[PDB]
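In the block that follows, a single chain appears as structure tokens, in the form deposited in one PDB entry.
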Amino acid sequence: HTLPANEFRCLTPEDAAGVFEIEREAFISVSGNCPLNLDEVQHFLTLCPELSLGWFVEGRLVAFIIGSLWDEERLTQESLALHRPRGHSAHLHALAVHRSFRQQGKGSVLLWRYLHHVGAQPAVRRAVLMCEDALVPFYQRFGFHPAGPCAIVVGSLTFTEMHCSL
């Protein structure tokens, strides 16, 4: 009978459109490319929805994290489009907050909830992601440790790999 003020839940393929719209402004508008295109988000939201998390305000998505499992120490080009069911690493492919809602704890809150949520599942022993040099200190506030240049290639941008033990 009503839209909740704030709702945190795992995503489903139907949320595919919403997340892509957020990415268009968060990533594409800034680099001409984005972590996951509509098909790649549907993919992960189909095989591993439990590895995703979204914040909805009044029925609209305002923040999300899309992940999958990985089974290797470091991230590689192929990990970009894979889900290793037997992996013990939660690979965060994308983390973004809607333009009109940034700078007010949302990202930090979603990330901590995500960490505990995924860390609830005993199989998952670690969380990994790629990030721009300027966000390294941000992720360190969460227990992540810089782990050198990430091997993954994307246009001309450079990334530092971050590893967090759960």
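Take the two forms, find the largest set of C-alpha atoms that superpose within 1.5 Å, and that set is the rigid core. Just count from 1 along the sequence shown to find any residue number.
The form deposited in another entry is left out here; the points below concern that form.
- The one residue among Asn33, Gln121, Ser108, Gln140 whose Cα position changes by 2 Å or more between this form and the one not shown, with the core held fixed by superposition, is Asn33.
- After superposition on the rigid core, the Cα of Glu21 moves by 2 Å or more between this form and the one not shown.
- Once the rigid core is overlaid between this form and the one not shown, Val57 counts among the residues whose Cα shifts by 2 Å or more.
- Between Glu132 and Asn33, the Cα spacing is smaller in the other form than in the shown form, differing by no less than 3 Å.
- Whereas the displayed form keeps them at a certain spacing, the CA atoms of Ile65 and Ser29 lie at least 3 angstroms closer in the other form.
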